[PDB]
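Visitor: Residue numbers (the authors' numbering), protein chains in the order written: chain C, 4 to 9; chain A, 22 to 122; chain B, 22 to 122.
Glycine included, each C-beta is placed from N, C-alpha and C at the ideal position.
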Amino acid sequence: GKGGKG
Amino acid sequence: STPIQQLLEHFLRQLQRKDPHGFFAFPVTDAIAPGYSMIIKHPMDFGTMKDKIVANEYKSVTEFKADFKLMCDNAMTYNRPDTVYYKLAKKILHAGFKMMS
Amino acid sequence: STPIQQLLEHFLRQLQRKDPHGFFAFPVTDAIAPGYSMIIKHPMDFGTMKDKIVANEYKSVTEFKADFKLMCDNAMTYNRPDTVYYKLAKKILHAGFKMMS
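#1: Fully enclosed by the segment 52 to 115 of chain A, which alpha helix (DSSP H) runs are 4 residues long or longer?
#2: Can you find the residues in the same chain that come closer than 8 Å, C-beta to C-beta, to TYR57 of chain B, ignoring five residues on each side of it along the sequence?
#3: Which residues in the same chain have their Cβ closer than 6 Å to the Cβ of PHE47 of chain B, if we skip the five residues on either side of it in sequence?
#4: Could one say the Cβ of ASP51 of chain A lies closer than 8 Å to chain B's Cβ atoms, at least one of them?
#5: So with CB distances below 9 Å, who are the chain A contacts of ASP103 of chain B?
#6: Using CA coordinates, which residue listed in B:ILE53, B:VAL105, B:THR83, B:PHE89 is at the minimum distance from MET70 of chain B?
#7: Going by C-alpha to C-alpha distance, which of B:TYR107, B:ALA76, B:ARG101, B:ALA116 sits closest to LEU29 of chain B?
#8: What number of angstroms, rounded off, separates the C-alpha of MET92 of chain A from the C-alpha of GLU78 of chain A?
#9: Alpha carbon to alpha carbon, how far is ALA110 of chain A from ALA96 of chain B? Give it in angstroms, no decimals.
#10: Cα separation between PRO41 of chain A and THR104 of chain B?
#11: Closer than 8 Å, CB to CB, is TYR106 of chain B near chain C or not?
#12: Flag this pair as yes or no: are the beta carbons of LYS5 of chain C and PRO55 of chain A separated by less than 8 Å?
#13: Which same chain residues end up closer than 6 Å to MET59 of chain B when comparing Cβ atoms and leaving out the 5 residues on each side of it in sequence?
#14: Please identify the residue among B:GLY43, B:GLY117, B:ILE53 whose C-alpha is closest to the C-alpha of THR83 of chain B.
#15: According to the neighbour-count rule (16 or more other Cβ atoms, all chains shown, within 10 Å of its Cβ), is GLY7 of chain C buried or exposed?
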């Protein structure tokens, strides 16, 4: 549920 | 295959070639991009834009260019500026419009 | 067993009570935050502060408040403005600074 795409 | 179908089919290959990894090829999901669908209300990508081309849904160049700028915008909003992602969108967006002029 | 230790311990407890999910409980990994180690240069978390307390590595309330602030400022840089994390971070920074005076 944390951060951007990676 | 209408004349408008040939022009857009051409513009599409031209754009999608600016994006060697496929970042834009396909619809993003929240699985791969956390909370994506709780920011971007009208999602877009190349693969969708290709399917409307086929479908004859674009009745002019102006409407194809709106989808392009929709998909570019969506990415600059979601992704942070320092990202590979935001930078391709921001680059490809200004080039795209020119190329299609 | 020191008095600075006794004061730090209670500011910690108090500070951590505002993080029910312990979003700030542990070091952040790149596995759960792509880019993180290259956008945040000096990591801080509540688990890490707990240990610098136990080792007498804080000499003043000033030093301790510095790291707390370095923790919120790391979350407010990395996380998009709309997330549970960026919000939580800004809240606790202002209120925790309010508390310690």
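Guide: From the atom records:
#1: The segment 52 to 115 of chain A contains these whole alpha helix (DSSP H) runs: 67 to 76, 82 to 99.
#2: For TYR57 of chain B, the CB contacts under 8 Å within the same chain, skipping 5 residues up- and downstream, are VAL49, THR50, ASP51, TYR99 in chain order.
#3: Taken in chain order, the residues that qualify are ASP66, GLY68.
#4: Not a single C-beta of chain B is nearer than 8 Å to the C-beta of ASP51 of chain A.
#5: Contact annotation for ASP103 of chain B against chain A: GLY56, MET59, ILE60 [CB-CB distance below 9 Å, chain order].
#6: The shortest C-alpha separation from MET70 of chain B is found at B:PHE89.
#7: Comparing alpha carbon positions, the residue from B:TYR107, B:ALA76, B:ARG101, B:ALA116 closest to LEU29 of chain B is B:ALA76.
#8: Using only the alpha carbons, I get a separation of about 17 Å.
#9: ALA96 of chain B and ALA110 of chain A have their alpha carbons spaced roughly 25 Å apart.
#10: Here the C-alpha atom of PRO41 of chain A lies approximately 31 Å from the C-alpha atom of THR104 of chain B.
#11: When Cβ-Cβ separations below 8 Å define contact, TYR106 of chain B makes contact with chain C.
#12: Yes; because the gap between Cβ atoms is below 8 Å, this pair is in contact.
#13: Cβ within range, chain order: n/a, list empty.
#14: The candidate whose alpha carbon is nearest that of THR83 of chain B is B:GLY117.
#15: The residue in question, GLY7 of chain C, is buried, as its Cβ has 16 or more Cβ neighbours within 10 Å.
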